[PDB]
């Protein structure tokens, strides 16, 4: 028989092989995998996460995507608060510091096929040694039903406590509902192998 590329036949030892570009593809436990696969940990379709502003009776819906490109994580959140507010709201997400599972609400690893993947979400975790400093602010615009309300900001802060990973967001509003989209990037040293 013949082998068409990318299959090749080594006459020197009667071996059929798959040739692949190693920076892009790899072998892991005898199976073909990607060097830099895209993995997304997200809230499901039509299932936003319910969040509470600390101890207040102020709630919001949040759609969340955490996207792994190489070793970077792109974090996106879309928040729809139900209370008009003047102050700073704290929207806190907790994740198991070993497995990555979201403790705050329902998230899942989702393929581009639209199907849930049976994958433990360690890939969102910054460090295997459970320490991290990262904080900053992003500019945001709050609106409601297509109407501009306020140009303001939202902080983000990555921490560990009690061995779990926290992403704490804080939005500042003046007489408007916290309804906004914000994203930022961070780095993971957890390898996908």
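Numbering follows the first chain given and starts at 1.
- The mean C-alpha temperature factor is higher for 82-90 when 98-106 and 82-90 are set side by side.
- Of the two segments, 184-192 and 1-9, the one listed with the higher mean B-factor is 1-9 (C-alpha atoms only).
- Of the candidates 36, 150, 28, 65, it is 28 whose Cα B-factor is highest according to the PDB record.
- Within the selection 164, 43, 168, 145, the deposited Cα B-factor values reach their highest point at 145.
- The deposited CA B-factor of residue 56 belongs to the lowest third of values across its chain.
- Ranked against the other modelled residues of its chain, the C-alpha B-factor of residue 125 as given in the entry falls in the middle third.
- Per the deposited record, the Cα B-factor of residue 15 falls in the highest third when ranked against the other modelled residues of its chain.
- Per-chain ranking of the deposited C-alpha B factor places residue 22 in the highest third.
- Per-chain ranking of the deposited C-alpha B factor places residue 132 in the highest third.
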